[PDB]
Structure formats: C-alpha cells, structure tokens
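So this first bit is one chain, no partners, the form deposited in one PDB entry, shown in structure tokens.
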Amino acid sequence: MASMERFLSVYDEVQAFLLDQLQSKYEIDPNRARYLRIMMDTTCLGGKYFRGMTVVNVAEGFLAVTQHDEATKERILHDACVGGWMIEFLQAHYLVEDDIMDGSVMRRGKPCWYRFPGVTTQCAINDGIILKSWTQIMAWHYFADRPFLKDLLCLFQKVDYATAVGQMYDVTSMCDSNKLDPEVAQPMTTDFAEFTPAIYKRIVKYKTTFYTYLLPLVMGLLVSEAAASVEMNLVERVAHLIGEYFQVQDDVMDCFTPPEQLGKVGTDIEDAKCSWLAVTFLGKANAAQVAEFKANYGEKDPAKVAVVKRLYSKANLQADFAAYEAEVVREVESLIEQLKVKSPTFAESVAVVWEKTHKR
C-alpha cells in the first residue's frame, strides 16, 4: 500500500473513532457531530501532509532494514499514521488560533476557519482547543499499550509548549523587550535593535522547527523503537537548521510571491514582523537606508509598504539569500554525514526531508 493512501485512510478511521466516541461517551447529537466533522476536515485536510508523512517515511525506512512479522510492520505503519495525524492536528490547532490572533483573512486560498459564517471567533477559539485535545485522545486510545507511550506524550508535550513560547516570541518581536508590560499598550520599536540574526533565530526555532521538523523525525524514531539508531543532539541540530531555512523561504515569499500563488495577502511588512528580509536588510544597510526603513515599516499605508519593498529589492538580498543557502546546504550535508554513521536509513530520511524543503 502507498504511504499517502495509507495516511489518508487512517484519517477516516481516526475521524470515525473520535466522532463515534463523542456520541457513545460525550452525549453528542448528530448535528454537533456534523459541525465537528466539518471543522476537522476544514482545519486538518488540504495541505501536503509533509509533517505527518515524515513520521511515516521515517518508519518505512526502518521497516526496510529491520526484521518483523507482517502484522508488526502493519502495526508500526498504523502507529506512524496515527502519530503523523497527531502532528497535523497539532498544526491545525495552531493555525486556527494564530489566524484568530493575527486577524488573518485567508490561508491556502480559502477563508480562515473563524471567518466561516456559522463559526465565528466565539466558537473557533474553542474549536482550536478541541483540535489539540483530539491529539491526546488519539494517543491514549491507539497507543495505550505501546512501550513508547510515555516518551511520545512527553516529547509531544515539550514540542507543543516550545511552539506556544515561539508564538509569544513572534507576536512580541516588534516590541522593545524592556517596554513589555501588561499594564501599558505596546509601542512598536523605533530603533529595531532587536532585529538581529540571533533573535530572529530564536523566534523561528521555537515557533516552527520544533513542530515542523523535530517532532515528525523523533516521532518516527519513537514508533519504530529506534531512538538508539541516532544521536539525539544531531537530530536536534539538523532539524533546527532545516527548520530555519524553511522559515527564511516563507519570509521571502510573504513579501515577493503574488497573493494568488501564495494563497493569502502577505502582511509581514505592515505587521512589522522580524522577518529574514528586515533583519538581513538592516545588517547591510547604510544610515540613509536604515532611516527610510524606519519611516515606512509596520504601517498599513500601501505606499509605505511599497517603500519597504523597494529598499529590499534594491539591497541585493538575493546575494545574502544565496550565501545563507550555500552555508545551510553545507552544514546540513555535514550533519547528514555525522548521522550516516549510526543509520544510513535515518540519514536518508533526513536527506529526503532536506530535499523536499530545499526544492519547494
């Protein structure tokens, strides 16, 4: 059975489980069940399933090099699908709540869940809570007797928390740290002193890399009972690196990829986000250019946003991107090596992850 077909089948099975348990154990009625099935489909399906599929792909790699009964291979693949769906639903939880937080209009060329006429923010916040609770219901049901249950739950729990901290770093990235104060409305930075490479790195590492790269790779190891084929410090370092790279790309596309191809109107400029472009720009600009950046950044006025766009386009940022890109290709290859020692299999999965990221 092809891996995608398997992964999508398991969604139908998990959905049916969740909804069936709502009726048999939570006293739900058919119309509320239907609303939650619609919610589930709309918030969880539609992407490429990169994150869930990585869990499957890692597990399929160990299956080729490890002796097992047929029934065990099937169980391991089924566990990888369920775990992959836990990461997809975790993502979904975050997408729903982030879109509410940020006033987003569209994602994947379709309205944000909260903007659906019969949803509203009042329901969408809680819909998002339910999405994350589902991930735990899946874990406890499907993995109740698995030796990896504790490690999976503890790992999931740490990644979730990192992601939340990451969101906090992100939403506060345009404030002066020393000005943060629940009692006082937060002004945007005037100096941009906190738009550094290290600070950017901290945002991206927590907000994205933990859930997008670390968790799918390690989940694959956990369901394969194969955490000993790796040096965990290496899996960390490689995932952080691939993760950062991926966010840099999204940061560049927010600005420069047409809204139709992007699936949303990018607003990082008007939101004053600490993006790769703003940081990298500020790292090379002269005093006149820094002045002009400061006069136009984080402002809804399209002229001022077009001013920021002009500075970036004129600053030869492609040269900086290319150089960052060469250094990451370099470091990632070195990490794949250092992993190839213990597991050609895992190094190969990490190689494929890297390729899908690099080639998008």
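Start at 1 with the first residue shown and count on from there.
Just so you know, the form solved in complex with a small molecule exists too; it's not on screen, but the next bit is about it.
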Original post:
Does residue 149 make contact with the small molecule in the deposited bound form, using a 4.5 Å heavy atom cut-off?
Top reply: no
Original post:
Does any heavy atom of residue 277 come within 4.5 Å of a heavy atom of the small molecule in the deposited bound form?
Top reply: yes
Original post:
Looking at the partner-bound form in the deposited bound form, is residue 256 within 4.5 Å of the small molecule by any heavy atom?
Top reply: yes
Subject >> Interface membership of residue 36, the small molecule in the deposited bound form, 4.5 Å heavy atom rule >> reply: no
